[PDB]
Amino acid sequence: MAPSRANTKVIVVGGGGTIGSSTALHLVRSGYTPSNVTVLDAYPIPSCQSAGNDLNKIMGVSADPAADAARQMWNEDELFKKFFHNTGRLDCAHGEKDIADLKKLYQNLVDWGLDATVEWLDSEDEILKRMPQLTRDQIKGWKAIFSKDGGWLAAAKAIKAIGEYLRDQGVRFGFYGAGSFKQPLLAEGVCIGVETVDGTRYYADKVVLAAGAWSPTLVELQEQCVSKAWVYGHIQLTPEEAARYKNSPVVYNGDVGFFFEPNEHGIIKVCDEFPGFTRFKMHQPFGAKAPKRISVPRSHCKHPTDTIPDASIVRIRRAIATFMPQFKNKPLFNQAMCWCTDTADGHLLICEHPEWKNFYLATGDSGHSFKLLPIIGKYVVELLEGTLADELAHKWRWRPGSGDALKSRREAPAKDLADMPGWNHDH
């Protein structure tokens, strides 16, 4: 500790988002001086364009130690526990293949120690016992895994609760032109701070880039991360319709989509499941020699007249017709795109930059990292301090050329928004 923890200054770029807010939290909890920690975001915490700024996210149960460590904190941490809604989760499958995959997943969870809280549902009867709001006609031939531990996360409220703690402790903040990263400040091969769009300079000993889907746009990542959009929309229930779904399990079918119990206002959110969309644009990230075609997020917060593609509407209507056939005439409203960045292998990118000393990447969220909100900052702090477990250091390493992130671990290469009509309502 060249400076000690107490004397180390750290800038967290994207500190209004999932990984960034977690990092700031763990710096303060670890004993960094709060006023030595600066959170920079394009938008105030919880950032309007953060993938974590939503009513709800699912808690994926999986045979993953990092996810397990996060799940413990969602159950027990004084800050996080109140934002976890343990309603259970139903993972459903149909066809003689998706069912084979689900059976292998089930066996994997049992092998890893989850036998007491995971159940195999081998028939329509068994599915309807766990989710009686479904309709037999729509689930013919389905099988499911029920995860008793499992549920949904009040995502924006969790990030806001972090923001309140950081403010109360004395963390420094910069937003808008004073928070929008433009470039690292480098000197003699070392990163010694950040410059924002408006020309404000911040000097620090270490800088973390936790800019989510914006990370490959801000600095040269050699296509390790490719940014893609997922879609959702909303339906409004009457008070009596809503009461039928109170504390109901999350339902997911990889072939269809997923949905959540209604919020306090009777609104259900419905998501597609698909390989995501790029939005290619010429852009020159810091460190690129010239402009290049990269997927650049089309931010709903900056372009609030945007919706989602016509093809996404078709798929979400199909999700509603399957899960919720009695609500098929309800309008789908507040349609929006949300952005994530995929790696080729779907693992995180948590590493020091190989040339810019003291600049650290904390991205590659790969569409499945909101569940890690409580724990991920601990790993980032351990990276800064040189104490991250070897296995995780290897898994999350700098790895350009390690495969094609446009397809990643998904079913197909993502299609581009330029080719998908229906979302753009600009002049």
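Just count from 1 along the sequence shown to find any residue number.
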Quiz item: Mean C-alpha B-factor higher for 12 to 20, or for 403 to 411?
Solution: 403 to 411
Exercise. Using the B-factors recorded in the PDB entry, average over the C-alpha atoms of 355 to 363 and of 60 to 68, then report which stretch comes out higher.
Key: 60 to 68
Practice problem: Identify, among 342, 205, 78, 195, the residue whose C-alpha carries the highest B-factor in the deposited PDB entry. | Solution: 78
Quiz item: Highest Cα B-factor in the PDB entry belongs to which of 189, 346, 291, 132?
Solution: 132
Self-check item: residue 200 CA temperature factor, ranked by third within the chain
Solution: middle
Quiz prompt | Chain-relative CA temperature factor third for residue 336 | solution = lowest
Quiz item: Going by the entry, which third of its chain does the Cα temperature factor of residue 247 land in?
Solution: highest
Quiz item: Going by the entry, which third of its chain does the Cα temperature factor of residue 82 land in?
Solution: highest
Quiz prompt | Assigned third (lowest, middle, highest) for the C-alpha B factor of residue 214 | solution = lowest
